[PDB]
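Whatever order the structure lists ligands and atoms in, that order sets their numbers, starting from 1. One-based numbering along the sequence shown. The analysis underlying the following values was restricted to heavy atoms, covering all of them including side chains, and did not include hydrogens, waters or symmetry mates.
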Amino acid sequence: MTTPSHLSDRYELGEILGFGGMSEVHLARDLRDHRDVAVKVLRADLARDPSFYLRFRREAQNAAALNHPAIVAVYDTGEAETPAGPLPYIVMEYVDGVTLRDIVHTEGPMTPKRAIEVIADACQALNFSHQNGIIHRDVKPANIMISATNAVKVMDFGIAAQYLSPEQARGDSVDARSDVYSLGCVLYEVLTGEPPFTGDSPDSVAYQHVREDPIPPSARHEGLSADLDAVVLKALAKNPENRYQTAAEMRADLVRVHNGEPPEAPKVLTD
Ligand SMILES: Nc1ncnc2c1ncn2[C@@H]1O[C@H](COP(=O)(O)OP(=O)(O)O)[C@@H](O)[C@H]1O
Ligand SMILES: [Mg+2]
Ligand SMILES: [Mg+2]
Ligand SMILES: [Mg+2]
Ligand SMILES: [Mg+2]
C-alpha cells in the first residue's frame, strides 16, 4: 500500500516531508492555484485500520484554520478514492524547514538566546490563537518548525505524554494556561536537550506532570541561568494560577531575559 501520485486531480505529490503516528506529510504542487503546499494524508500503512481512519476524519474537521505569520495556514480538507479505499487528507501551508523535534535530535540543545527567540515567537502564535478562541492543545516539538529563512511556524491547532499539561492528564478543563505549560515543556527540552519528564510508559510520564517537580534546567545542562530557570519553572507550575496567565505574559518574561533584564517570575535557587 502506498500513497497515490495525485489527490483529487489537483494535488500532485512530490517528496515526503515527514510522518507521525497517524499521518504522512508530502510536498505537493497545487495544479489549480500554482502553489506548493504540504498535504497531510492518512498513513498508507494505517489507512484501512478503522480506528486510524475515523480518528483522521474526527481531527481534520477540527484542525483550526488561523491566519497569522507564525501559524501554518490550513487551506482545505478532502478525501481521495484510491483502489484500496478512501484516503482522507488536509492541505496546508508548506514550511521548508525542520521541526524542533528534528533540531533537538540532530543538533542537541539550542543556544539559550536562540531557544528564547524561537519560543518567544511561538508565544505570538499562541497569543493570536487564544485571542481567536482557539486553544492549541497539542503544543510539542514536532508542532513547531523553523523555516530555512529562520521564521517560526506553529501548526496543528485546536485538536482535543511528554508535553501534556497536568489538567489534560487529569481530564480537567483545559485553557490557555495549558498551552503555556506545554510550551514550557518544549522550552525545557530545547534548552536542556531532554523533556522535563521521561518514563517507561505514557501513564508514568502523566503521573509526573501531575505530582512531581521538574529538575531545574540549569541542573540538566551547562550554561543555563537562574533567570531562565525561573521562567521555565513558572511556565511549568502545577497549578494554572501560578503559571503565566497568557502566552503574552510568558513572552514578556522571555523578552526580559533575552535583554539581560530580571524576569518577573519567582526566583529559583539551586545547590
Ligand atoms: N506544514 C508542514 N510543512 C512541512 N512539514 C510538515 C508540515 N506539517 C507537518 N510536517 C512534518 O510532518 C511530520 C508529521 O506531522 P504530524 O502528522 O502533524 O505529526 P506530529 O503529530 O508528530 O506533529 C511533522 O513532524 C513534520 O516533520
Ligand atoms: Mg501523524
Ligand atoms: Mg514532538
Ligand atoms: Mg503535527
Ligand atoms: Mg504575545
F128 and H68 aromatic ring geometry - parallel, tilted or perpendicular at 30°/60° bounds: tilted
Quick one: pull up OG in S129 and NE2 in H136 and give me the separation to the nearest 0.5 Å. 8.0 Å
Between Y181 and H209, ring centroids under 6.0 Å: yes
Per-pair distances, ligand 1 N/O vs protein N/O, less than 3.5 Å:
unit_1	atom_1	unit_2	atom_2	d
ligand 1	1 (N)	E93	O	2.8
ligand 1	3 (N)	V95	N	3.1
ligand 1	18 (O)	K40	NZ	2.7
ligand 1	18 (O)	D156	OD2	2.8
ligand 1	21 (O)	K140	NZ	2.8
ligand 1	23 (O)	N143	OD1	3.0

Can a side-chain donor-acceptor contact be found between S147 and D96 if the only test is distance below 3.5 angstrom? no
Sole residue of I90, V91, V39 in side-chain contact (heavy atoms from CB on, under 4.5 Å) with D76: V91
Option among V190, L191, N150 that satisfies the side-chain contact (heavy atoms from CB on, under 4.5 Å) test with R114: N150
